[PDB]
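# Observations on the model geometry
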Protein chains: 2
Amino acid sequence: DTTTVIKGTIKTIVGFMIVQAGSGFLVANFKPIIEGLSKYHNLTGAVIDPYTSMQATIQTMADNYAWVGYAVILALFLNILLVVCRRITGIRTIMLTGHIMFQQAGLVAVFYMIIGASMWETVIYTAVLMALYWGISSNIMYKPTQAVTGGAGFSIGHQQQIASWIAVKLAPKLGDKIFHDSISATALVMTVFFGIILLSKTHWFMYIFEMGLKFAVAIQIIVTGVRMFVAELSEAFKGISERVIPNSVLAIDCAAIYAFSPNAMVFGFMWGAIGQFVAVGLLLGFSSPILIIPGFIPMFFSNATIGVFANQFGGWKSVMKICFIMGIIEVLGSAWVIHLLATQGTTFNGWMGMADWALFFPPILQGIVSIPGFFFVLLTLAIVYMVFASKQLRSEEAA
Amino acid sequence: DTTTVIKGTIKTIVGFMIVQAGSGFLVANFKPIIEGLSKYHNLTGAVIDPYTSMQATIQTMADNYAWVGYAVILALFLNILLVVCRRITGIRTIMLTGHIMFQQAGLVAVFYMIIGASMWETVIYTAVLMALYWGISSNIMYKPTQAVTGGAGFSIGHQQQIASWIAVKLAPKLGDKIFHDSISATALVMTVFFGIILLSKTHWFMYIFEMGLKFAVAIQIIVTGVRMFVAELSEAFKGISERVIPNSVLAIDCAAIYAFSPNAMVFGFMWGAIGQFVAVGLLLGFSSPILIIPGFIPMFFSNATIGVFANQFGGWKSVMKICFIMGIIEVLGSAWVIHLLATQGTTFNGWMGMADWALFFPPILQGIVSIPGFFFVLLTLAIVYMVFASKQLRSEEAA
Ligand SMILES: O=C1O[C@H]([C@@H](O)CO)C(O)=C1O
Ligand SMILES: O=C1O[C@H]([C@@H](O)CO)C(O)=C1O
Ligand SMILES: [Ca+2]
Ligand SMILES: [Ca+2]
């Protein structure tokens, strides 16, 4: 092969270069807006979006951003370890989507850096926490994913597995049985939210739409850059998982189940956007020191997947209620995490803003804030799920 | 349509912000290199490349780049008039390649601004020169294109029509009868040119490859932004030419003849890159006040088209001679234009660098600098063609 490895390396470097270009075009049009919030009132000022959080992670991670690559490879190795020993661990699924791994491990690593831990503590803690989150989350969501997909034989590996598990366990008690697309979407989101800020002439509105288009363009360059940056490496992840665990379960993208229920889409994402709208209204009401700018990606994908599971297990009513609560917890939890990051000693402007990154990981990051022994407590919980998963697997294959 | 109009406007705007993104990445990544050429030896420091010259045009024009659009539309209207009156002008061809129009009218307009003319003078003179160059230069290469393409029914509307004419007539006396593709090409070319600069360690060569990759990424973002920004308005131009002159002859991109001769591509580009290497070697040996950085687009495409026509009319021998001399004239003539634009009162670190933009336009800009009446001279020259050409058309319709 050798040569194709060189091709992959050069292509990934080009990817990170495009990420840097989109980051520059994003910064040169928004630093006087947050720094503009300094010479105004309560500073920051944050955007709920995974790619913006990846940008802020890179910029506040410098050349130490390679720790995210070390932690991604190491965490992937630990997940492969959790699948090879599926008999005593009960973990079958494996995480392989590259950009989701780099986003998640990136935010965890930047958390362990804002606190101020060493390099190896960040790589090891990030690897263990991320591997347990992937195997336990997807392996937890395997069965209901089989219920939604009609037994297709794959699980969900994204950023809302635990929230979708709250929808699976809570739904039966509430109901009865890409250029201009993303640019227009996220741009319209920025313009709508800016119009909401107006609730607290054609020239200023034209600058609203133009700010939405500059922001959306920057985010899109970031999207393509990240995708090409993790494309070949994730393809190698499939190359190794292809041979080490050939009969494993794949934790693929959440969108891969949207076609199994295209009805919970616009409605689930609709009430998720309503939840985030109400939550941002509450934030602007209480004069909170943190302003949240919602994004299209976590709304549509997170609240639409939770809309899918809440639809299959609890109909449109469970979609409305549970998805609304999910959006509120998304915005409020993101602002809370940003408060932690600010008090920990670093100015961070982005956050994942998904469902499992503004509901389940805020309490974990707060747990590491409280005690360094909270991590080993999380490991004991991982054994609590692990031994029972082993017993259920043994009593599930032999019976 | 109404809706698709505002849609297309949003599209062109978005494309323009992508252009600004690649531009910011480019100048932000390569400012200290030319500024380093200030604090060392002779300045400039120029890039033979169409998209870089378009970026520098948008830079040295700022909020006055709309004049380029005005001159593009007006020149289009003038060409439409010349084809409507094809009986008394002998003009069959019509240029519709929009991005070539914006590049050419952009450089001519930015020359008519750097010299200090007003808005209406720059728009009028640029529209006239562009209309006469497109209609006359593309109308000249109609029949030889029919001989090369076997009568495929189109002409060539690009950047080397005049050099293709000098090759067509100079040839018979000399012989017997796209992401990582462009990024890889231009990156390799930057590494080669930097290797020739070294003709005057792993960290140094790896940073050569990294600077070439950054420049390639910036140039590629500029490419996508230009194509998107132009696609809609050029599609409107084609929509008007569909109904005003349906039976007209289309002057299309030059590469559409490469399929009729895939052999002259790598050899014409071979001796063209050789000519660029020799001429740049002369600019380094003579200690010229202007350094020249070659680009992949001018070499490959200019010397490729000239290699195809000079191949059809004068074999591999005329390919070697005319392509080599054409490359030398490319480098030396472009650096010439950079010298004149330097004395005229501004700095311009990059030129179109194609065949006709280093052989035919340097003397035009020099003549306009000397006396403005020279412009009127060209106008009279057009009549010396048009009138004559007029009769020819009749002598080829009824005879
Ligand atoms: O969290 C994310 O969701 C989308 C996509 O993976 C969903 O299909 C994306 O690009 C992310 O970073
Ligand atoms: O001048 C140019 O030549 C190439 C292409 O048109 C040749 O096919 C390109 O992208 C330009 O902008
Ligand atoms: Ca490969
Ligand atoms: Ca169209």
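Residues numbered from 1 in each chain as written, not as in the entry; some residues may be left out. Chains lettered and ligands numbered in written order. Heavy atoms only, no water.

For this deposition, the record names X-ray crystallography as the technique by which the model was determined and cites 3.333 Å as its resolution.

Further remarks concern the sheet that holds strand β2 (residues 93-95) of chain B. Residue and element names in this part refer to chain B. Taken together, the 3 strands give an open sheet; going across it, the order is β2-β4-β3, and neighbouring strands pair in parallel fashion. Looking at which strands have only one partner, the edges of the open sheet turn out to be β2 and β3 (155-156). As paired elements, β2 and strand β4 (residues 249-252) share 3 bridges and run parallel to each other. Bridging across to β4, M95 finds its partner in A251. The sheet strands contacting helix α5 (residues 119-140) are β2, β3 and β4, and the helix crosses β2 at an angle near 130°. (Pairing = 2+ DSSP bridges. Helix = DSSP H or I, 4+ residues; strand = E, 2+ residues; numbered from the N terminus. Contact = heavy atoms within 4.5 Å. Axes fitted to C-alpha atoms, helices over the stretch in contact; angles between N-to-C directions.)

With the rule as written, the count across this model stands at 42 aromatic pairs over all chains. Judged by centre distance (6.2 Å) and plane angle (35°), the ring pair of A:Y258 and A:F301 falls under tilted. One end of the pair, A:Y258, is in the loop between β4 (249-252) and α12 (264-285); the other, A:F301, is in helix α13 (residues 296-344), with 43 residues separating them in the sequence. For A:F301, a relative accessible area of 25% corresponds to the partly exposed category. Within the aromatic cluster, the residues linked to one another by ring pairs are B:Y133, B:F348, B:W351, B:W357, B:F360 and B:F361. (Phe/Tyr/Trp six-rings, centres within 6.5 Å; stacked < 30°, edge-to-face > 60°. Buried < 20%, exposed > 50% of the residue type's maximum accessible area, 1.4 Å probe, protein only.)

The accessible area lost on association of the parts is a frequent measure of interface size. Contacts between chain A and chain B engage 18 residues on the former and 18 residues on the latter. At the surface where chain A touches chain B, the tally comes to 0 salt bridges. At the surface where chain A touches chain B, the tally comes to 0 residue pairs in polar contact. Top contributing element to the side of chain A that touches chain B by residue count: helix α1 (residues 3-27) of chain A, with 9 residues. Within the side of chain A that touches chain B, the residues separate by chemical class into 14 nonpolar, 2 polar and 2 charged. (Salt bridge = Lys/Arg side-chain N within 4 Å of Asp/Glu carboxyl O. Polar contact = N/O pair within 3.5 Å; in protein donor to acceptor, adjacent residues only side chain to side chain. Nonpolar A, V, L, I, M, F, W, Y, C, P; charged D, E, K, R; others polar.)

What follows concerns the pattern of salt bridges. Under the counting rule described, the total for this entry stands at 9 salt bridges over all chains. Ionic pairing is found between B:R86 and B:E397, a salt bridge with its closest N-O pair at 3.5 Å. Connected through salt bridges with shared partners, the residues A:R86, A:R87, A:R92 and A:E397 form a single ionic network.

Moving on, we come to the packing of helix α7 (residues 161-170) of chain B against helix α11 (residues 296-343) of chain B. Residue and element names in this part refer to chain B. At a closest axis distance of 9 Å, the pairing of α7 and α11 adopts a crossing angle of 110°. On the basis of the axis angle, α7 is roughly perpendicular to α11. Here α7 runs over α11; the crossing is right-handed. The residues of α11 that touch α7, namely those facing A163, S164, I166, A167, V168 and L170, are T305, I306, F309, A310, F313, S318, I322 and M326. Its residues assigned to classes, the contact of α7 with α11 shows 11 nonpolar, 3 polar and no charged. (Parallel < 35°, antiparallel > 145°, perpendicular 65-115°, else oblique. Left-handed = near helix turned anticlockwise from the far one by under 90°.)

Of note, A:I245 is situated in the loop between α11 (202-244) and β4. As for A:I245 and A:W204, which are separated by 41 residues in sequence, their C-alpha atoms are 57 Å apart.

Counting residues in each nonpolar core, the largest one holds 211 residues, and the members touching the most others are B:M130, B:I292 and B:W351. The leading source of residues in this core is helix α9 (residues 202-244) of chain B, at 16 residues. With residues up to four places along the chain from it excluded, the contact list for B:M130 reads B:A75, B:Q104, B:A105, B:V108, B:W357 and B:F361. Counting 29 residues, the second largest nonpolar core, distinct from the first, contains A:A163, A:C254, A:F300 and A:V308. (Core = buried A, V, L, I, M, F, W, Y, C linked by side-chain atoms within 4.5 Å.)

All names here are of chain B. Only one face of β4 is buried: it carries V249 and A251, and the other face, with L250 and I252, is open. As defined by bridge partners, β3 adjoins β4 across 2 bridges and the pair is classed as parallel. Bridge pairing in β4 links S155 to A251.

Below, the discussion takes up the site of ligand 1. Residue and element names in this part refer to chain A. In the vicinity of ligand 1 there are 13 residues, among which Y51, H99, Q103, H158 and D253 approach most closely. In this structure, an oxygen atom belonging to ligand 1 sits 2.7 Å away from a side-chain N or O atom of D253. Broken down by secondary-structure element, the contributors of at least two residues to the shell around ligand 1 are α3 (50-59), α6 (98-115) and α13. Sort the elements by how many residues they give to the shell around ligand 1 and α6 lands first, with 3 residues. (Near = heavy atom within 4 Å.)

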